[PDB]
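Number of protein chains: 2
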Amino acid sequence: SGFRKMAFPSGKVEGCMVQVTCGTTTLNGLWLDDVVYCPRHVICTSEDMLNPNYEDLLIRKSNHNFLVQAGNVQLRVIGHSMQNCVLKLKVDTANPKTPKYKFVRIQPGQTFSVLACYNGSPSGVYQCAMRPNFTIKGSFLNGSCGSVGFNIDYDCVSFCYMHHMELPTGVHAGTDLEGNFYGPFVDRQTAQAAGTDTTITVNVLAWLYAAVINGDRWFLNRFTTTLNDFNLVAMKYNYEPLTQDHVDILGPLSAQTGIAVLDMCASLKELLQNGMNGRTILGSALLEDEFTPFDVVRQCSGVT
Amino acid sequence: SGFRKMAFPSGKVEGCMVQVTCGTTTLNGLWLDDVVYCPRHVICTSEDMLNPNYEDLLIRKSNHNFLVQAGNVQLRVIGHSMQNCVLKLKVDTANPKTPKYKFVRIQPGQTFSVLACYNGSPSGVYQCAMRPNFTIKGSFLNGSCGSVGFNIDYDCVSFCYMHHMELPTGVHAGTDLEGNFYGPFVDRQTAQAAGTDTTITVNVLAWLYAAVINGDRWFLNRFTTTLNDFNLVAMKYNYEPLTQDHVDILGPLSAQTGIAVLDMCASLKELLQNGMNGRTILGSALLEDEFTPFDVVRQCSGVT
Ligand SMILES: Clc1cccc(CN2CCOCC2)c1
Ligand SMILES: Clc1cccc(CN2CCOCC2)c1
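Residue numbers (full-length UniProt numbering), protein chains in the order written: chain A, 3264 to 3567; chain B, 3264 to 3567.
Below, the structure is given as C-alpha cells:
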C-alpha cells in the first residue's frame, strides 16, 4: 500500500551518460552503441544563441573539436552529423553498458523519468509528464542540457526526451532522440511563450482510481455524468477533453475498483466544482495529473 | 530552474539487489561484499508472524535453506547469522558491483531514496523522509520487504533503511542495516499504532527557501517573529519544534536569499494561520516537508 511519484530505476541510463565539450560549452551526451547524442547548441557561444545558423557553425567544427569523456576516459570521435536539433558523434568504441533501447516520440500526457546530469555525471532522478503544451516542468540548472527522459519495459530503455531549453517562464523544452522538438520551440534564445498548461484529465482519473485502491475514498459521490456533460466541466477548468480512448484505457482500473469510469468522472466534476474543502487525496491538496493509467496499474501491481 | 522531489540515481543500489527465498517466502536482499542482508522474517510462515521466536525458528534452518539468486545465477551460502531483525547470509562470492558504502542510522526528518524491489528486481525509485514518528510513507506491495533506503555522497552509498512492515494504517516500518527498527516497531503481526505524524518544520522552511530561489514569493510577508513565538504556533499545528541547530542549518539558504530565518518563520506562521487561500507553492497546495536544507542546496547548486 501507499502511492508515490516513482521514477524508473536509472542504472541502465547512468551507464550511457557522457560529457561533451565543444570549445568552452560543456553539456551531457547519451552514449548508445558507437554513437553519442547531444544537443546541437553545444557548438554555440551564448552569443551565437540569439540567431544561430547551425549548418554554418558546424562547417567550422571537426571530429577532434568534440571532446567526449565517459567517466575519466576520452572517446575518439571518428564522425559527426546533425539530425534536426541533435548532434550524433560517431566514436570508435561501442558503449559496453549499452542497454536494449528504442527511441520513441511520446504524446502529451505521457509520463517518463528524467536523469538530471551535470558534466556527464547523474545528480538525480524524478518522474515527469509531457504537458499538453509540449513543455515539461523539470528541475534543470546550466550544464543539464543533454539530460534524457526515458521509460523502461523490463530490460528495454525507450528514450523519449533530451533536454535543450529553459523558457523565460522557467518551464523546459527539448527534443525526441531524433532531435525534433516537442511543441513549437526552437533552439534559439528568443521570445518563446508556452500555450495554456491544461490538466491531463485521464491521468487525474487514473490517480483517483489509485486513491480508492489505497483507501482514500471520501471524494466518491452518489452521482454519475455523461462524457459530453463531463467535457463541458473539463473545458471550464482547463482540463483536456476526455475521449472514449481515455475511457477504454481506464477500463482495468474501473474493473478492479468496480467504479464505472463515468461515476469517477462525476466525482472529479464535484471536486472541480467544490474543491477539496481543505482535505487531501494520497497526501496531495491538488488533483495530481502526472500518473498515467499504465503508471497506476504498474505501481499498484508491482511490475519490475 | 524548477524544483522536483528528486531521488538519487539508483544504479549503484540496483547492482546490490538479490532475491532471497526461505521455504515458500521470497523477498529482497542486499548483496555487499560477500554478505547478503535481508529481513529475518524471511524464515517465517505468516502463521509464525503472529508471535515468532526467531532464535528458535532459525535453529531449524541451514545455509542450504537460504536460496540467494543474483539475476539468474545462484549464490552459495557458506554461513548465516542473526543481527537484531536482519539476517546476514555469508556467500562464497563478493558482489563485483559492490559500491563504496556505509551503514548509517538516520534521524527523523532526514530524507533518502527507496529502490522499490520485487523478487530481487528493481521496480522504481522515489524520495522519502523518516517521519518524526519513525514511520515512512512508502509505496510497498507484498514481496517488497528487503527494499532499501539510501543516500549517495559522490561515489559512496550510505544505506539507512531496509523495509520490513506495513502497519494496519498503510504506513511503513523498517530497520537500519544493523537490523534495529526505527521507532518502537517489532517484526510481528500485532497491534502497532504510529504516534502523531508531525510536520518537519526545518524541511518546510528549506522548501520555502527553494520556492523563493525558483520565483514563488507571494507568501513572503512584512513580518518577523522569535523562535519561542514561532514554536508556540508550530505546536498548535503539530509542527516539530525549531531548534537553534535548525536555524544554523538554514544559514546558507538565508545567506543566498537574503531572507533571515526568523522572517521566513513569520511567513510560515502566516501560512499556518491563514492557509494558501487556493494558491500554490512550487506546484503544491500544501507545505512540503520531505526536502532537507541539504536537499535544497544540492538540487539548487547541481551536485552530482
Ligand atoms: Cl524517436 C522517432 C520519432 C519519429 C520517427 C522515428 C523513426 N525514424 C526512423 C528513421 O528515420 C526516420 C524515422 C523515431
Ligand atoms: Cl547503521 C549503525 C547504527 C548504529 C551503530 C553502528 C556501528 N556499529 C558498528 C559495529 O558494531 C555496532 C555498531 C552502525
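Positions of the beta carbon are idealized from the N, C-alpha and C atoms, including for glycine.
Residue i: CB within 6 Å of a non-hydrogen atom of ligand 1
i, result
"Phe3366/A", "yes"
"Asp3511/A", "no"
"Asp3439/A", "yes"
Beta-carbon contacts of residue i that lie in its chain and below 7 Å, excluding the five residues immediately before and after
i, result
"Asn3328/B", "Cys3285"
"residue 3573/B", "This structure leaves residue 3573/B out entirely; chain B is present only between 3264 and 3567."
"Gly3342/B", "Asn3326 and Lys3353"
"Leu3535/B", "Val3496 and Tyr3500"
"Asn3414/B", "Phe3271, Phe3375, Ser3421 and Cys3423"
Test: residue i CB closer than 7 Å to a CB of chain E
i, result
"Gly3334/B", "In the structure shown, chain E cannot be found, because the protein chains are A and B."
Contact set for residue i: own chain, Cβ-Cβ below 6 Å, skip 5 residues either direction
i, result
"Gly3278/A", "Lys3360"
"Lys3275/B", "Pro3362 and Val3420"
"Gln3373/B", "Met3393"
"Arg3368/B", "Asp3439"
"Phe3554/B", "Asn3466, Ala3469 and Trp3470"
Of the listed residues the options, nearest to residue i (C-alpha basis)
i, options, result
"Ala3473/A", "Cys3301/A, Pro3395/A, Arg3303/A and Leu3550/A", "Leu3550/A"
"residue 3569/B", "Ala3529/B, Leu3404/B and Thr3453/B", "What the structure shows of chain B is the stretch from 3264 to 3567, and residue 3569/B is not part of that stretch, so it cannot be assessed."
"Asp3297/B", "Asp3355/B, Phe3266/B and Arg3267/B", "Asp3355/B"
"residue 3238/A", "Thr3398/A, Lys3324/A, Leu3545/A and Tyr3500/A", "No answer is possible for residue 3238/A: it lies beyond the span of chain A, which begins at 3264 and ends at 3567."
"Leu3330/B", "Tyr3300/B, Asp3558/B, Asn3537/B and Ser3407/B", "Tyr3300/B"
"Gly3514/A", "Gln3337/A, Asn3540/A and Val3560/A", "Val3560/A"
"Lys3351/B", "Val3281/B, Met3312/B, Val3336/B and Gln3390/B", "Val3281/B"
"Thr3567/A", "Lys3268/B, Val3388/B and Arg3323/B", "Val3388/B"
"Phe3482/A", "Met3527/A, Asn3358/A, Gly3433/A and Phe3557/A", "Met3527/A"
"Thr3487/A", "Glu3533/A, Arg3303/A, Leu3516/A and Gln3519/A", "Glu3533/A"
"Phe3266/B", "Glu3441/B, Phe3557/B, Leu3545/B and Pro3556/B", "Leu3545/B"
Classification of residue i by the beta-carbon crowding that lies within 10 angstroms, buried from 16 upward
i, result
"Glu3310/A", "exposed"
"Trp3294/A", "buried"
"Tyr3417/A", "exposed"
"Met3498/A", "exposed"
"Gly3565/A", "buried"
"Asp3479/B", "buried"
"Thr3461/A", "buried"
"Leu3313/A", "exposed"
"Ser3273/B", "buried"
"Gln3562/A", "buried"
"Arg3339/A", "exposed"
"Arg3542/B", "exposed"
"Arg3323/A", "exposed"
"residue 3572/B", "Because residue 3572/B is not part of the residues shown, which for chain B are 3264 to 3567, the question remains open."
"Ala3469/A", "buried"
"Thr3308/B", "exposed"
"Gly3334/B", "exposed"
"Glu3503/B", "buried"
"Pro3302/B", "buried"
Residue i Cβ short of 6 Å to ligand 2 heavy atom set
i, result
"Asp3416/A", "no"
Reduced DSSP secondary structure (H/G/I, E/B, other) of residue i
i, result
"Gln3519/B", "helix"
"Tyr3500/B", "coil"
"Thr3453/B", "coil"
"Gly3565/B", "coil"
"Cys3307/A", "coil"
"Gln3373/B", "coil"
"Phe3493/B", "helix"
"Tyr3445/A", "coil"
"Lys3363/B", "strand"
"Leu3483/B", "coil"
"residue 3573/A", "In the structure as shown, chain A starts at 3264 and stops at 3567, and residue 3573/A therefore has no counterpart that could be examined."
"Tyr3317/A", "helix"
"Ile3463/B", "coil"
"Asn3537/B", "helix"
"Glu3429/B", "strand"
"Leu3330/B", "strand"
"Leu3531/B", "helix"
"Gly3274/A", "helix"
"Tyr3472/A", "helix"
"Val3559/B", "helix"
"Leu3513/B", "helix"
"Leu3525/A", "helix"
"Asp3416/A", "strand"
"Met3345/B", "strand"
"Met3280/A", "strand"
Sequence-distant residues of its chain with Cβ nearer than 8 Å to residue i (five each side left out)
i, result
"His3435/A", "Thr3398, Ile3399, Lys3400, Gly3401, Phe3403, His3426, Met3428 and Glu3429"
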